[PDB]
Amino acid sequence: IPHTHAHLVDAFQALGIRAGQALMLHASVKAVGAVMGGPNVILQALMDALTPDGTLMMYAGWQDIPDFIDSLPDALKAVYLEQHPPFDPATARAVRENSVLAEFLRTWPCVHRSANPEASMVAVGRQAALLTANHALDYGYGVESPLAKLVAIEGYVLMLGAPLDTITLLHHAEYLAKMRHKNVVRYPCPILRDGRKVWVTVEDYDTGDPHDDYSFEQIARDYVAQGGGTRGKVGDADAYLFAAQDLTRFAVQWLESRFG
């Protein structure tokens, strides 16, 4: 029997999902196992557990962001500058490695999408506009970001068979933490401005690799080991539910004590 909508709603509630929460999801469709109706039902079941008074958010980003063009031969870079489409929030596809579920939520009715191409988040529910509003282009995991707002409203992160190393929220802890040295990246990206394509430079902390000798999986496992979060099964998947505020506080302290 493929997992049903009802069995998923009930499992989310059993794990601790409650009406009105703001929740960021990381998931693996394959870890959940076959669902009756496909991955839509994972999203709908989670939405139903949250009710319309709650909010569901995922990290979408942009699968085709051409942030790498300075490494290309100059003549090819020039073609990119002429021919590559800009980030259009209506069409820019989600990063495939963020789960097909992120692309499914990005194209969900009543979705809101944040404006930072590389860090773009999508949300559905009562606080979806709030979470995705005024997402600054520079330092997209920092103070002017959906992650800051998720912490401020005491939201949650649900890991649904997704590896612990993929928690995007810990990039916000990296932004906050006073560390010996953090790597800054400056990269090009085409956006829409007054309906026309414009290439801009985006400045951010590196989010492709850690700033020092740590991993997100290590921080998350240490968090679990000292009693943080709840754990349970949802479909076939091992699931973890974390409070965003407590996990961010823990991770900032973890980073500053080891690398400050």
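Rigid core (definition): largest C-alpha set, two forms, superposition within 1.5 Å. Start at 1 with the first residue shown and count on from there.
Enquirer: So if we fit everything on the core, which stretch drifts more in 6 other deposited structures of this protein, 73-81 or 94-102, C-alphas only?
Expert: It is 94-102 that deviates more in 6 other deposited structures of this protein.
Enquirer: After a core fit, does 104-112 or 121-129 show the bigger CA gap to the shown form in 6 other deposited structures of this protein?
Expert: With the rigid core fitted, 104-112 is the stretch that strays more in 6 other deposited structures of this protein.
Enquirer: Mean Cα B factor from the PDB record: higher for 7-15, or higher for 21-29?
Expert: On average, C-alpha B-factors are higher across 7-15.
Enquirer: Averaging CA B factors per stretch from the PDB record, which one is higher: 63-71 or 45-53?
Expert: Higher mean C-alpha B-factor in the PDB entry: 45-53.
Enquirer: Can you tell me which of 219, 58, 36, 200 has the maximum CA B-factor listed in the PDB entry?
Expert: Checking the PDB record, the top C-alpha B-factor among 219, 58, 36, 200 is at 219.
Enquirer: Using the temperature factors in the entry, find which of 171, 113, 96, 178 has the highest value at its Cα atom.
Expert: Across 171, 113, 96, 178, the entry lists the biggest C-alpha B-factor for 178.
Enquirer: Rank-wise, by C-alpha B-factor, drop residue 209 into the lowest, middle or highest third of its chain.
Expert: Highest third.
Enquirer: How does residue 167 rank on Cα B-factor within its chain, lowest, middle or highest third?
Expert: Answer is middle: the recorded C-alpha B-factor places it there.
Enquirer: Lowest, middle or highest third: where is residue 81 by C-alpha B factor in its chain?
Expert: According to the entry, residue 81 has a C-alpha B-factor in the chain's highest third.
Enquirer: Which third of the chain holds residue 143 when residues are ordered by C-alpha B factor: lowest, middle or highest?
Expert: Top third by C-alpha B-factor.
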